[PDB]
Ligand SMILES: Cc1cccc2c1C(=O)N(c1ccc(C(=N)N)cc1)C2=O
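One chain comes next, on its own, written out as structure tokens in the form deposited without this ligand.
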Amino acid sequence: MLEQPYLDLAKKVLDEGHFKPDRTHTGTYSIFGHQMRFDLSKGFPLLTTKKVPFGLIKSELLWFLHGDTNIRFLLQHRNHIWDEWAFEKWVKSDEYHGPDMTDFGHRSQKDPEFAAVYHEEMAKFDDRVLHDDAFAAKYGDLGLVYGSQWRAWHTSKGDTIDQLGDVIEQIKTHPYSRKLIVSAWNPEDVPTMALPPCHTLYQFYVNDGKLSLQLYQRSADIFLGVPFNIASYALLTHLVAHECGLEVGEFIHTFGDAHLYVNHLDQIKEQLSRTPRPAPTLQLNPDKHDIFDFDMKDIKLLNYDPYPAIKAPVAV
């Protein structure tokens, strides 16, 4: 089955993982250096042994493809994955006067009535960005995040580079280039970013009228993140192949520090009892090829029939 490499990664970390100190409290078992590939001709690698919400990844990747960096687009899609990063910077403003918060989430793990009030403040935040323009502009924009990295790399000479746009054109004119890379890792920016890119850089490859892509990930949460991570870069592949009137091939996922938090052990043991079901199939609007001008309904997932979702504390 298509998703086995994931199940194999989970097993592997559970046996060969060494205990490691995490910037959290919740320890991890980790490994370093690992590679797993997914023959995309055999189906779309969306975990079947666990329910993973495509809509969220579908919207986030369009957020990326649009060169977008503002939370409004995601909130305008019920995607709250990036809410904490932007919110954070907001509760660190003079405009902010309400109840204090010091590194929440973690501080919401030992959940008191506080977390609920925090829920009202996120509510109050999101809505602000959602209906007021100027607000959305100062706290809604995250800036140096994947959307700007991929398509708005900032030069020293003041301009802005469209890595992804250039490489897609490159694939089209010189499909046999070993220089088809787009990095999200900017040295000048990495030292002061709350979250330096987990997905450091990727490479395309045209084998036989077939596109393939390898992703190099510096850190990874086996349980929580990888399931999303796989679908995201397998989808990118599909979109680039689409625009490039090219067939699809293989998706290689390379890792630096792949880890599984201790507080996810029972959760991953269980998801491992399940046997995989046949994997879903993707569809992209045939009458549309500009993956940048792409919209939500142009991407359709078929036959996704997964086992229930596993509830686990979000990495701590």
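So that there is no doubt, residue numbering starts at 1 and follows the sequence shown.
The same protein has a further form, the form solved in complex with this ligand, not shown here; the description that follows concerns it.
Taking the pose of this ligand in the entry with it bound and superimposing the nearby C-alphas onto this chain, the site is open, with no ligand atom within 2.4 Å of backbone or C-beta atoms. Remark: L195 counts among the residues lining this ligand in the entry with it bound, judged by a heavy atom distance of 4.5 Å or less. This ligand is not shown here, and in the entry with it bound it never comes within 4.5 Å of any heavy atom of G165. Proximity of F228 to this ligand in the entry with it bound falls within the 4.5 Å heavy atom cutoff. Proximity of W82 to this ligand in the entry with it bound falls within the 4.5 Å heavy atom cutoff. From the list 128-136, 234-242, 150-158, 82-90, the contact stretch for this ligand in the entry with it bound under a 4.5 Å heavy atom rule is 82-90.
Shown here without this ligand, the chain has no residue in 20-39 lying with a heavy atom within 4.5 Å of that partner in the entry with it bound.
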